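For reference, the structure is listed below as structure tokens.
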Amino acid sequence: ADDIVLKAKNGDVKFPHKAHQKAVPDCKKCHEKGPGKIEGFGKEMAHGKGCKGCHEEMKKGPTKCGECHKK
Ligand code: HEC
Ligand code: HEC
Ligand code: HEC
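At position 6 of the sequence shown (counting the first as 1) the number is 6 in the authors' numbering, and the numbers step up by one without a gap.
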């Protein structure tokens, strides 16, 4: 519903999808062409190239934990 809560054992993550729906070439960057559950999105993938990794390269976004993780 615009905001996708990623229940975490170490603080939840408030990620605005409807918001992230843009700022991307033409979507299909994360999904890889196809909606639905993104494979077995693991905790490693998050910090990988499917959450942070992006920003790390996108040069846009927060990389801090408190930025992603919040109580
Ligand atoms: C920045 C990466 C990214 C982009 C770009 C993106 N999404 Fe998502 N999308 C996600 C993530 C992360 C989830 C949550 C997957 C999970 O939690 O299992 C998700 C979940 C979804 C879901 C599952 C239910 C829901 O409503 O969230 C749908 C449907 C979806 N995306 C559609 C799209 C479509 C269609 C596009 C563009 C054509 C798009 N998304 C663009 C990251 C992205
Ligand atoms: C395709 C690369 C990409 C991926 C993957 C991606 N994002 Fe972003 N992120 C961006 C872009 C682009 C912006 C810039 C948004 C702006 O300009 O306001 C951004 C900005 C943000 C911001 C700052 C704006 C805000 O809403 O507070 C947060 C927080 C954020 N991302 C969290 C996440 C989280 C959490 C995930 C993983 C579920 C994620 N992002 C996955 C591209 C990505
Ligand atoms: C760009 C957003 C983002 C940033 C920055 C980030 N994380 Fe994460 N982290 C996530 C997401 C998303 C998950 C998975 C949550 C889910 O989907 O259940 C996660 C999961 C985790 C998990 C495992 C989840 C569990 O099962 O408890 C740990 C540990 C973790 N993060 C530690 C950190 C630490 C430490 C930092 C800072 C040094 C950090 N994270 C910063 C997005 C981020």
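For every residue, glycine included, the Cβ atom is placed at its ideal position computed from N, Cα and C.
About 6 Å separates the Cβ atoms of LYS70 and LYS14, confirming a contact at the 8 Å cut-off. Beyond the five residues adjoining it in sequence on each side, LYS7 comes within less than 8 Å, by CB distance, of no other residue in the same chain. Taking each of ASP12, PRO16, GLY11 and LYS64 in turn and checking the Cα distance to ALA1, the smallest one comes out for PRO16.
Taking every protein chain shown into account, the CB of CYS27 has fewer than 16 other CB atoms within 10 angstroms, so this residue is exposed.
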